[PDB]
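S.K.: pasting the structure only:
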Ligand SMILES: [Zn+2]
């Protein structure tokens, strides 16, 4: 179950952008966005940079 | 960003590349101002180098609308955008003397050691200003005279 | 031991607590018994040297391979036993099984041994589950001779890639590298990863 | 130096190592190392091979070894080392701030010192302190004594943000608490079909709250969505029909 | 190995100053000053005598470089001893020493050959000022002004002996009644004297960020607020989006308000009253009641 | 007094004690100057805790 676990680990806990977009899309009555790349990734790269 | 990463790769940086990542130079040791609790000009928190504090706002107060996206204020130089860029723009420091990276010197074995064919102890002596090392010999001039 | 420590130790591939010996070659049983320590000797069939062991008399001498194949018949010296057969009662050590009888045989031993702990408490897993992890153990090589290849003598290297490098350097007249199959524990083999 | 000023030059310092690596050519040593490998007396030779590996790396990479002496240092963005103000007026900051500040200080003071002119012992000491400072910023306690800030407490370095149980690599493996979730006590219900399950309606009201809100402004029971959310907080009798 | 040690060695290598070296340095500094004036005069005119007759003064320049440098070596060992009293509280030991060197260099330049006195007193009273100035500049994590540094120095140093001399904890009011004599400045002085505590010393987990959920719901509020007020006119919404400013947002000056509306002659202050009855349409319909609630 | 009288059955979310913190002094928002201007209700120097 790739999409469920990727959903738990990202928009349901860490990504602020993600949670805001999902909440908004649910209240609006449109599709939830398909899960992409966490905002956490760019932070891992800024720290390795 | 595109969703397609075949693979990730890592490497060494370069001063000419570290200058590329940067948005300013931090040259003052000071952090936020004590009185008003705004960041201090051209230091480890300043809005010029990194990002504006609140969303769509410069520093002095000449713009606080959202109508102006991407403009750079000519009285203090901050850029009005989302405050989220406050965690994506990186600083840079320019050292009057070149230091070595600790990861290539204290690891076992030191790779710097293997490149420059020294004992590790003597490499440590060179780095820390406790032993002189002879860089370049003018051989042609020595043989001539 | 028989419980979850025996299963854990088997996957780690560490040396067992019994470590009963197996026949390094094939020969004839010749056991002299000292009261403090036994000595087990195997007189080779092919010829050459005879294997020597100094095993405690604290264990129990195992049943011998015989034409009768009685499991109740203890080992009586003067006999001819098969190569690889176990000598005393206890646990055979896996690294020795592998070096003596190739990669397949130690696979058989690990599947049977990890399964034989569950067939006692009454559980049953299907063999492929065990085999999918045993495959993750036995798939690297430690290299005796570096030769013309690049990698250091005595390093844990992948199998397929060891073969590929060896045939490329062989493609130019360069000397091959001499590598043997190694068994690894499921903590010293998940450490050596390539990502 | 006085006898043969025109014949050699040699520096003490890290700037020396940089002129040495620059004078160094990678392809030149590599061939000689391979020939050492080719020859016998392997025990001595094995040492020549450990060199060969490190050296050949830099040849295959396309990356010059010059990138091992820093002419500039990056500064991590300001948020990943935050200084936020607590509730009681106290400032709560991160440890990296003390390290960057330190390197900035020793740098500015060194450069003005070069401007003024100074003895060699003072300039060499300041260079030394700069190298040691940036060294502890990249990885603390890796060379001599770590640095402690308040009360003999080692400072969390910048390489400290990657390693450990709390580092960035370990973060996603351990697991975190989520949203849209609850838990309770389970009783058996032998009435249910194998695909059904029984859900306390007081808990299934909370869990699905936003959906109840969308359907509740959709019905028009609540004039606006924000008001509707308020309605589900007071468990009004109209929301159960929608929550079905 | 460790850093303070090697520098202590370097400082201790050269011989300490004494009464015999008083003459050596006094003569050398005087010679150096003369060398500086004689060398300086030739450069300004632009006409220079031969270099062979100037090499003598170059030799006096080498003597003056061994005098400035070696005299400096004599002063360093004093710099360390003077640092030993400052090292505990504020900064690192070697940072303080380095500032002693920097101050000494500034101090040596400001020196007079004619006056003769011990170096401890004169030099010490010149470099302790540099030490205290840089120390007071960069010791704190958040920079503070110098009079706050003095006030916190006085109250902190008198407080530390008052608590143990009295035998009881100094009350929050009388520590200020000694000098500040204000009850509202106590919290402030103890706030300025507090230092920022590490987040790692979890600690940050207790803190709450708040507002994304209510700034999202506030963007929705902006949607509904734009949608509701559609029954009015364009003129009246002009002065609604000018001095108040729905999308713009500034309590602006009425003249520049009158010059950005395309209508001049301050006519929008006369139309400002001809629509307040129409501006009563949203208040009588009671439409903005669910957002301020 | 600000405290609930003794014996009043309370459903959750209700107020038991009514306290207000003196709200941190920021500027009054202009959009909020028109929003509060149409009705005439000032966000006082106090938030509700
Ligand atoms: Zn500005």
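M.R.: Done, it's in. Residues are numbered from 1 along each chain as shown, chains lettered A, B, ... in the order given.

S.K.: element containing whichever residue of chain C sits closest to chain B?
M.R.: Closest residue of chain C to chain B, Cβ to the nearest Cβ: residue C:195 (9.3 Å). (Each C-beta comes from the backbone N, C-alpha and C, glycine too.) Per DSSP states H and E, residue C:195 falls between elements, in no helix or strand.

S.K.: list the contacts for the residue in chain A positioned nearest to chain D?
M.R.: Closest contact between chain A and chain D, by Cβ to the nearest Cβ, is at residue A:12 (4.1 Å). For residue A:12, the contact set (Cβ atoms under 8 Å, 6 or more residues apart in numbering or on different chains) comprises A:19, D:178-180.

S.K.: and if you look at residue D:39?
M.R.: Going by Cβ under 8 Å, 6+ apart, residue D:39 touches residue D:45.

S.K.: which of the contacts of residue A:12 tops the neighbour count?
M.R.: residue A:19 (17 neighbours; other Cβ atoms under 10 Å in any protein chain shown).

S.K.: okay, now the nearest residue to that residue once chain neighbours are set aside: neighbour count?
M.R.: Spatial nearest neighbour of residue A:19, chain neighbours left out: residue A:11 (5.5 Å); criterion: Cβ to Cβ, 6 or more residues apart in numbering or on different chains. Neighbours of residue A:11 under the rule other Cβ under 10 Å: 24.

S.K.: quick one: residue D:131 from residue C:53, how far?
M.R.: 60 Å (Cβ to Cβ, to the nearest Å).

S.K.: Looking at these two, which one has more neighbours?
M.R.: Shown here are residue D:131 and residue C:53; by other Cβ under 10 Å, residue D:131 has more neighbours (23 against 16).

S.K.: Assign a three-state SS to the nearest residue to the more buried one once chain neighbours are set aside, would you?
M.R.: Leaving out its chain neighbours, the residue that sits closest to residue D:131 by Cβ to Cβ, 6+ apart is residue B:99, at 4.3 Å. Per DSSP: H, G, I helix; E, B strand; the rest coil, the secondary structure class of residue B:99 is strand.

S.K.: ok, what's across the strand from residue B:99?
M.R.: Beta-bridge partners recorded for residue B:99 (DSSP bridges): residue D:70.

S.K.: Could you give the number of residues near it?
M.R.: Applying other Cβ under 10 Å, we find 27 residues neighbouring residue B:99.

S.K.: Verify the contact between it and residue D:69 for me.
M.R.: Yes: in this structure residue B:99 lies within contact range of residue D:69 using Cβ atoms under 8 Å: 7.3 Å.

S.K.: In chain B, which residue sits nearest chain F?
M.R.: residue B:64 (9.0 Å).

S.K.: Correct me if wrong: that residue contacts residue B:53.
M.R.: No: the criterion here is Cβ under 8 Å, and residue B:64 misses it with residue B:53 at 11.1 Å.

S.K.: re the thing from before, how much space between the residue of chain B closest to chain F and residue E:254?
M.R.: 20 Å.

S.K.: same check, this time on residue D:79
M.R.: Distance of residue D:79 to residue E:254, computed by Cβ to Cβ: 41 Å.

S.K.: In terms of neighbours, single out the busier of those two.
M.R.: residue D:79 (17 against 12).

S.K.: I'd like to know how far that one sits from chain A.
M.R.: Applying Cβ to the nearest Cβ, to the nearest Å, the value for residue D:79 to chain A is 9 Å.
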